[PDB]
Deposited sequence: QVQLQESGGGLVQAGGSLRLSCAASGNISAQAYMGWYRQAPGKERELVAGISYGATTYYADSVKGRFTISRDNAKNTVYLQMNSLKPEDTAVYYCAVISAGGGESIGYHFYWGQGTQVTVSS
């Protein structure tokens, strides 16, 4: 039950911001991150409940991720948007019996 936002179009070098919240019975320890396809589904950014993050080598320094444990929601701030970054961005929330929830998909284009 992942409701997400933030899809938009932008010039090469600009910035978008994505957001996603989950209002259900998910674990407190649940990992959260964003995948993108375009090509196959690769993880661009992730963040543990202790705020330690992962970034894909292509987006290191450019993209930023953060979660609000209170609201139970995760944001993906991205800057200096390259033309190659054009894809559909799926939010994911993972637990570990084992759960793995996907988002509908938020399209974002660069030109």
{"item": "Deposited-sequence ranges lacking C-alpha coordinates, in sequence order", "value": "1 to 2, 41 to 42, 101 to 106, 122"}
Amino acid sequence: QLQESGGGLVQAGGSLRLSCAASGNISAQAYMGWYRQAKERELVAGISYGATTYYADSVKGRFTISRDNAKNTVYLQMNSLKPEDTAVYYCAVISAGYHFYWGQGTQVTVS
From here on, numbers count along this sequence of modelled residues.
{"query": "Stretch with the greater mean C-alpha B-factor as recorded in the entry, comparing 7 to 15 against 86 to 94", "finding": "7 to 15"}
{"query": "62 to 70 or 42 to 50, whichever carries the higher mean Cα B-factor", "finding": "62 to 70"}
{"query": "Residue 56 - which third its CA temperature factor falls in, relative to the rest of the chain", "finding": "lowest"}
{"query": "Chain-wide C-alpha B factor ranking for residue 32, given as lowest, middle or highest third", "finding": "lowest"}
